[PDB]
Amino acid sequence: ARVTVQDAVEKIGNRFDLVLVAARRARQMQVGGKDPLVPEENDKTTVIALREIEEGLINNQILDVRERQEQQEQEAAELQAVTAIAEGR
Amino acid sequence: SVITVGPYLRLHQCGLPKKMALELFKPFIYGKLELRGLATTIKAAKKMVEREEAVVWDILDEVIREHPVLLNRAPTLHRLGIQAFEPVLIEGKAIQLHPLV
Amino acid sequence: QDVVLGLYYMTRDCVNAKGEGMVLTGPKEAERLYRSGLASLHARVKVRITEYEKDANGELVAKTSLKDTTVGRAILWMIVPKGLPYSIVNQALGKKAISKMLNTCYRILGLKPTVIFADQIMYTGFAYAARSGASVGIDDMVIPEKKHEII
Amino acid sequence: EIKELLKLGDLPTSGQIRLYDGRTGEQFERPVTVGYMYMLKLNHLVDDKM
Amino acid sequence: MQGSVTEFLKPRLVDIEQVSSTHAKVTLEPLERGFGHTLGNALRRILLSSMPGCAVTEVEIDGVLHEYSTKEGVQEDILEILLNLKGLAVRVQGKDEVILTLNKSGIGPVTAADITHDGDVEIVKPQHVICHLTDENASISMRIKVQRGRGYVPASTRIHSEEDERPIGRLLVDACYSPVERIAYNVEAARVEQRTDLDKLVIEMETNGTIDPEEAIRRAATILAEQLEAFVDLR
Amino acid sequence: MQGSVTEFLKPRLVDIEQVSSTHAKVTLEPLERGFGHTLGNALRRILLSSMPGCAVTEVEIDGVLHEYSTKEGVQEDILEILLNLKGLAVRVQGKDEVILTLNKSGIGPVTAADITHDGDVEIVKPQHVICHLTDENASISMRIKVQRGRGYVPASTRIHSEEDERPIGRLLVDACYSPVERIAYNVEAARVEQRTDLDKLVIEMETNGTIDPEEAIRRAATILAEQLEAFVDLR
Amino acid sequence: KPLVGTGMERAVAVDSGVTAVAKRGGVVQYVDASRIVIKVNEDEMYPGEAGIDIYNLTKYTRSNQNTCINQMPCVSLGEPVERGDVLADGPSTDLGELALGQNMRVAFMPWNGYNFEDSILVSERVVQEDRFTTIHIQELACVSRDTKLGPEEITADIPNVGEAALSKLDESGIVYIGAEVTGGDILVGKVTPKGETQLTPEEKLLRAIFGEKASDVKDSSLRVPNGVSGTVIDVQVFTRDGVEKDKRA
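Top to bottom, those sequences are chains A, B, C, D, E, F and G. For what it's worth, the entry's author numbering labels the leading residue of the first sequence as 2, then goes sequentially. For what it's worth, the entry's author numbering labels the leading residue of the second sequence as 353, then goes sequentially. For what it's worth, the entry's author numbering labels the leading residue of the third sequence as 504, then goes sequentially. For what it's worth, the entry's author numbering labels the leading residue of the fourth sequence as 1194, then goes sequentially. For what it's worth, the entry's author numbering labels the leading residue of the fifth sequence as 1, then goes sequentially. For what it's worth, the entry's author numbering labels the leading residue of the sixth sequence as 1, then goes sequentially. For what it's worth, the entry's author numbering labels the leading residue of the seventh sequence as 697, then goes sequentially.
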């Protein structure tokens, strides 16, 4: 099957939630640029996002990063753009 | 298309025809042609990969790396009527279905 | 079908012309007595006899037309648990436990382990299905000798 | 009648015969039933077209 | 061919992960359509008979007559002791019948390395434990015999007589001259940029000790090649 | 080098008895235990695909412009006639593409012996009947094309256009490059002054006529030797 | 024919309209694939013509199940036939009996997963030889109806196409017989007018100067379905008298 699906499943309170995380992670993965795991040993061939989550670095919360005023998820978007060089359309 | 058995085929993958992938998977081809030297622009690529072409065999397989599909039988009773599998370019016309499935 | 047929044929013991009780597994005098009797004319080869070291070395002897059984159960008890740990649970195959395995493995182990656990049984399931050849024929349908009497 | 007519010509006896594995090549454990069965191909309807 | 795709253009990259000297998983890929069984089998039937080697023929024990009895000052049982020797592997240059003696007492787990180093005999398995000695006069001395044969010769058809002819004390043991213990091959689907229907040959290797898994494959390949060189010159 | 008495001082006496360019039996003896049927399978595996060949590529007819046509003078339709040309074996020394000229009229069963003889092209089975011809001007001229390759290549993948550039009328046919059609091997027990447990390998190779038996068994031994040669340079 | 017959394989071909039966005894003079002429000696015994009765054998015609029915002659040159004798075979008949499938070497044995439920494994030799190669025939009708601008025309003059498309096509739009067509090639040369709404001010000027038949019609011909690729075996010929017998007829 897929690598460490069980461990992934354990990582989250709700099954359906894990899917949301990976999906959102995949979204950013393309748009902003690329990911946290790379140089030493990452995937091989051409491949995808769960490999990261299996790892410790990512953080998925109900409302991890937002803004003080108004519900703006957007502040996260701005910082990411500033930081990630590769650009999408 | 007609179904068949896929021994070496695992529950993670499925054995679908190669010619069939030329049609349904065309949208994912265009956005991968402009990266190589197969096609130049999106417009001029709509009159080449739209039919019988053998230059697409490679580029197409590069897209089916991590994009599973959904198999389905007409008489769909329970939930397992529509499952997901990793497409695999197999010669012929029949589709390979996992024995256990 | 074709998958369970290969494994089933493997873990079986043949019995033909046998007189003396041959239970070498346990006793000490039995192991020596029926050791030289194999090369004799009394004790046959396709019978109940178990005497050696490990499982890997057992198949080595069964290849030289010396041993027959007691190897199918050993070769299947190492190849399957090779691609997946936890051998305490991996030992109940049978015919009716073929569906109980996919229920007990998930509970104790996990989801990922079960994934690769299905690929192993599959390959060896159809592989030995041809190595044995369970071909059906007309003479295979053995007619009971008590048939003509009842009729 | 059948069994008697199998001992009149070539070659195997009782029906089954010892073959050899195409992959391994060693002795095929226990003979198997073989011969020439008259099969038939079925036509291809329009639905068969991909 | 270099231009057209073929098995020549895409050789068989061998990636070995040999561990210690008892087992080594050898992976190999990719393979064409019909070259996933002809490789794992051509070597399988050669490493179970044709492959030369030296095994245990018979071992004698001081004070002990049978093979199912017991020895004083021994934690294990002579049954298991002589049973483990079946795995113990040693190599000899050119000797029809060689006898290796051993003498050691007191508190100290005796091993195969304790055997006197013969000028024509090599241990290869020094760490191989044979017995664990304790106190209460743990005296144990044996003279294991090793013969240079081929394949597997039962201890019922062979049977030597170093001290078995008229005297008594020798105990026959199954001689598994063939170094390779077990060999199984598995064929799984491989992922390739081009075609997808590629077979994969992955065979594990088991050996008693006389030879290493790596050199066990090359020797099984050179013999198969010698037969191919027989169809060259006619006579 | 003789070295040790095993197989060095006991070579393999190969007595070849080739007939024509098809069936040619080859003897192999003596062989050790379980080593006869081992070579029979290995050689068979290679002599079914890894062996190139040259068969019919594209066929041309006088008044026929498509396979599903009919000629005036033959009871067999073109659809069936082409099939008898598919199995037609043709051997070429060293030519990429060669057209065979064929012509015959009047009553008389036209066989594969009516084909014009070429300096490099040789017929092996002039006994294969194509079709039956009758009176009333039964002229049947055909242009057989011969190309090289390996394995099976459908007539819808290659699609060649020889007599298609401007003129049209030809029809592409299947190409069977595979030379070997049937190869058997026996392992009857052989007896020698030494021991009795021997295996006698008698391989009966049969080629359609594209590649000579000697040339077939040789190329197979070369490729096979390379397969087992990959088990050397580790990485 | 099967390696085990009951005695009904020969009755089906004879009774039914499968095998051609002679009308009256005579001496065969010629044997063609399309016709089998029988010179009946109604008069004096001479090679000269007399009771000539031509027998037409259906070669390549389309049936209901898209199959092809053939009749390969059996009688050779000079063979006195009797009333009730066979002259030609049928769709699957060998001589006088019936032969649907074939006879191959069968070996029942669980190979390796493939033959799970109802699966069948066959060697690669089956594709190398045309033993199971059957003939399929598909019909692609193309009708031209009255357009709001006028009746459609059937000519080879079809813009928006390549050279290889009109190459196999004659000077009437209909492809010849025996063309190595494929997915994309034009089978029927039909045209269809556009309309004032689909017309541009640029092509409206040249419409009343360089003639009406300049840029009024567009591209609307029948092509080959994507995937299938065969050859033309039979073309249909029709030409209405009220529409004038143009270059087609």
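Backbone N, C-alpha and C fix where the C-beta goes; we use that ideal spot for every residue, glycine too.
Could you tell me if residue i is buried or exposed, where buried requires 16 or more neighbouring beta carbons within 10 angstroms of its beta carbon?
{"i": "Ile46/F", "result": "buried"}
{"i": "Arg362/B", "result": "buried"}
{"i": "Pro30/F", "result": "buried"}
{"i": "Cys176/E", "result": "buried"}
{"i": "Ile159/F", "result": "exposed"}
{"i": "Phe906/G", "result": "exposed"}
{"i": "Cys517/C", "result": "exposed"}
{"i": "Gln761/G", "result": "exposed"}
{"i": "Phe934/G", "result": "exposed"}
{"i": "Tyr555/C", "result": "buried"}
{"i": "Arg388/B", "result": "exposed"}
{"i": "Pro588/C", "result": "exposed"}
{"i": "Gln894/G", "result": "exposed"}
{"i": "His651/C", "result": "exposed"}
{"i": "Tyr742/G", "result": "exposed"}
Do residue i and residue j have their C-beta atoms within less than 8 Å of each other?
{"i": "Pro213/F", "j": "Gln18/F", "result": "yes"}
{"i": "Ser178/F", "j": "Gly209/F", "result": "no"}
{"i": "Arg170/F", "j": "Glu58/F", "result": "yes"}
{"i": "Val232/F", "j": "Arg218/E", "result": "yes"}
{"i": "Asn519/C", "j": "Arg547/C", "result": "yes"}
{"i": "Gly1228/D", "j": "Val700/G", "result": "no"}
{"i": "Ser815/G", "j": "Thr356/B", "result": "yes"}
{"i": "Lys531/C", "j": "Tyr68/E", "result": "yes"}
{"i": "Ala230/E", "j": "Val146/F", "result": "no"}
{"i": "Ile929/G", "j": "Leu65/F", "result": "no"}
{"i": "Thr896/G", "j": "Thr843/G", "result": "no"}
{"i": "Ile59/A", "j": "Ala27/A", "result": "no"}
Please report whether the beta-carbon of residue i lies at a distance below 8 Å from any beta-carbon of chain G.
{"i": "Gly575/C", "result": "no"}
{"i": "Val59/F", "result": "no"}
{"i": "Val401/B", "result": "no"}
{"i": "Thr1226/D", "result": "yes"}
{"i": "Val357/B", "result": "yes"}
{"i": "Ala630/C", "result": "yes"}
Please confirm whether residue i has its beta-carbon closer than 8 Å to some beta-carbon of chain B.
{"i": "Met1232/D", "result": "no"}
{"i": "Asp1214/D", "result": "no"}
{"i": "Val48/A", "result": "yes"}
{"i": "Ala621/C", "result": "yes"}
Is there at least one Cβ from chain D nearer than 8 Å to residue i's Cβ?
{"i": "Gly40/F", "result": "yes"}
{"i": "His132/F", "result": "no"}
{"i": "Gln824/G", "result": "no"}
{"i": "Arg634/C", "result": "yes"}
{"i": "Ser602/C", "result": "no"}
Throw me the rounded Cβ distance for the residue i and residue j pair, which I believe falls under 8 Å.
{"i": "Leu224/F", "j": "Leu28/F", "result": "Not a contact, Cβ separation roughly 15 Å."}
{"i": "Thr207/E", "j": "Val180/E", "result": "6 Å"}
{"i": "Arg758/G", "j": "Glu835/G", "result": "6 Å"}
So, is the C-beta of residue i closer than 8 Å to a C-beta in chain C?
{"i": "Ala2/A", "result": "yes"}
{"i": "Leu224/E", "result": "no"}
{"i": "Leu452/B", "result": "yes"}
Taking CB distances under 8 Å as the criterion, tell me whether residue i reaches chain E.
{"i": "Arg431/B", "result": "no"}
Quick one: is residue i near chain A, going by C-beta distance under 8 Å?
{"i": "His364/B", "result": "yes"}
Any Cβ of chain F within less than 8 Å of the Cβ of residue i?
{"i": "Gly1218/D", "result": "yes"}
### Query
Taking the runs of the alpha helix (DSSP H) that are 4 residues or longer, which of them lie wholly in the region 780-831 of chain G?
821-824
### Task
Pick out the complete alpha helix (DSSP H) segments inside the region 585-628 of chain C, 4 residues or longer, and give them in chain order.
604-611
### Query
Taking a cut of 8 Å between CB atoms, which residues from the region 171-183 of chain E lie near chain H?
Going by chain labels, chain H is absent from the structure shown, which instead holds the protein chains A, B, C, D, E, F and G.
#### Entry: Runs of beta strand (DSSP E) lying entirely within the region 90-174 of chain E, each at least 3 residues, in chain order
98-101 and 143-150
### Message
If we require 3 or more residues per run, which beta strand (DSSP E) segments fall completely within the region 183-225 of chain E?
### Response
185-190 and 198-206
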